[PDB]
Amino acid sequence: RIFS
Amino acid sequence: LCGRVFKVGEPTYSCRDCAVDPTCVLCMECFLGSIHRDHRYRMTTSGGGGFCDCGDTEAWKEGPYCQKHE
Ligand SMILES: [Zn+2]
Ligand SMILES: [Zn+2]
Ligand SMILES: [Zn+2]
């Protein structure tokens, strides 16, 4: 997933 | 699986048709070997960090794997  | 961690400036791809949510993303290698290259895709430039979701059935409504990782 996109950076979180 | 892929698991690739994105680097600063790296293109990342989602599929507007198949992504479960907007955080679902593929690295370039997986995207280019996926069904999603023929879909309504979107490219964003990575700020670094985060990882490729190739193979995650929870991330994709169709075509969770690319040809390389299947
Ligand atoms: Zn990947
Ligand atoms: Zn892959
Ligand atoms: Zn798709």
Side-chain angles (χ1 to χ4, degrees):
Chain A
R1 309 291 195 285
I2 297 185
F3 187 62
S4 67
Chain B
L1 53 105
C2 181
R4 178 200 296 210
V5 177
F6 298 116
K7 297 178 176 176
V8 175
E10 181 173 336
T12 75
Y13 294 88
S14 191
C15 181
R16 298 165 62 196
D17 295 315
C18 303
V20 164
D21 73 51
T23 72
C24 299
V25 59
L26 293 172
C27 74
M28 177 186 30
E29 172 188 13
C30 296
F31 167 76
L32 292 176
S34 75
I35 63 167
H36 310 294
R37 67 174 294 144
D38 294 323
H39 298 169
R40 291 183 304 143
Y41 61 89
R42 185 149 289 155
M43 190 284 302
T44 70
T45 301
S46 186
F51 56 88
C52 178
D53 296 306
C54 174
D56 194 347
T57 196
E58 257 44 62
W60 309 101
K61 297 177 276 170
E62 298 177 36
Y65 285 87
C66 75
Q67 294 186 338
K68 171 161 178 188
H69 296 113
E70 67 184 348

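Lettering follows sequence order; numbering is per chain, from 1. Note: hydrogens, waters and symmetry copies are ignored here, and every other heavy atom, side chains too, is used.
- The minimum heavy-atom distance linking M43(B) with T45(B) is given by the pair SD-N, 3.9 Å.
- When the side-chain hydrogen bond (donor to acceptor under 3.5 Å, both in side chains) test is applied to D21(B), the partners found at least two apart in sequence or on another chain are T23(B).
- The CZ atom of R40(B) lies 9.5 Å from the SG atom of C18(B); values are rounded to the nearest 0.5 Å.
- The line from CZ of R4(B) to CE of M28(B) is 6.0 Å long, rounded to the nearest 0.5 Å.
- Looking only at distances, a side-chain donor or acceptor of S14(B) sits under 3.5 Å from a matching main-chain atom of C24(B).
- Here the straight-line distance linking atom CZ of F51(B) with atom CG of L1(B) works out to 9.5 Å at 0.5 Å rounding.
- In the hydrophobic clustering (ILVMFWY side chains linked at under 4.5 Å, chained through shared members), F6(B) is joined by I2(A), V25(B).
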Using side chain to side chain contact (heavy atoms under 4.5 Å, CB included), reason through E10(B) and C27(B) one step at a time and then give a plain yes or no. CA-CA 8 Å; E10(B) 181 173 336; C27(B) 74; 4.2 Å; yes

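- Separating the NE2 atom in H39(B) from the SG atom in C15(B) is a distance of 6.0 Å, to the nearest 0.5 Å.
- Under the rule for a ring pair (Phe, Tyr, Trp, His ring centres under 6.0 Å), the partners of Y13(B) that lie at least two apart in sequence or sit in another chain are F31(B).
- To the nearest 0.5 Å, atoms CG (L26(B)) and SG (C54(B)) are separated by 6.5 Å.
- Annotation: side-chain hydrogen bond (donor to acceptor under 3.5 Å, both in side chains) contacts of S46(B) (sequence neighbours excluded): none.
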Show me, pair by pair, the donor-acceptor contacts under 3.5 angstrom made by side chains of residues 60-68 of chain B, not counting sequence neighbours?
from, atom 1, to, atom 2, distance (Å)
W60(B), NE1, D53(B), O, 3.1
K61(B), NZ, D17(B), O, 3.0
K68(B), NZ, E29(B), OE2, 2.6

